[PDB]
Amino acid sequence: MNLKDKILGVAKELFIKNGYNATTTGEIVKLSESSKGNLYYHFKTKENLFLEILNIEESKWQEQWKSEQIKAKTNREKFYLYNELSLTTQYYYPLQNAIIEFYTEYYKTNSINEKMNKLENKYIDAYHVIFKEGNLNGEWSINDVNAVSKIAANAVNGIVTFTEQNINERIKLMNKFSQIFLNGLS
């Protein structure tokens, strides 16, 4: 509906620019020329709207990587390439601040917390594959891929989120990191 995807996009950008709390359902309903009833009928609650957006963001990113990893022969390159993509992509990573702001608040309520761990698993799994495969084709030796994946992901999210900033300078930084990390596995 031109009244469904209409509110989804407005919510996305707002959550990206002002975070979760600052973004009120009212303003969303405002800039998206709709009613509190529409938002309600389509998303019920504000927190529900946010999880749906995270659900979509997770898919897009998943698809984008699914078709981008092919361009990298060795997993060592898929590592470099994945980290660089997370810098330029428009999916998921641009919403980290809001995600953490949301996670910390409703982490007690296990209802939606469970939902986020599910979204948290996929975003991590990407690294799992890279390292698991790297083991199979003898590119490196990692006894605990689960630990290395978690470390890599969060470490990277850190560079992406905490580092306007010159897009080229960021990539050189991300590559440097990528190099240092992989040479540490060896």
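All residue numbers are counted from 1 along the displayed sequence.
Unmodelled deposited residues between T163 and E164: 1 to 3, per the record. Here the stretch with the larger average CA B-factor, out of 151-159 and 27-35, is 27-35. Taking the mean C-alpha B-factor of each stretch as recorded, 73-81 and 105-113 are not equal, and the higher mean is that of 105-113. Comparing C-alpha B-factors across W61, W140, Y127, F43 in the deposited entry, the largest value falls on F43.
Ranked by C-alpha B-factor against the other modelled residues of its chain, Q179 falls in the lowest third. The deposited CA B-factor of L173 belongs to the lowest third of values across its chain.
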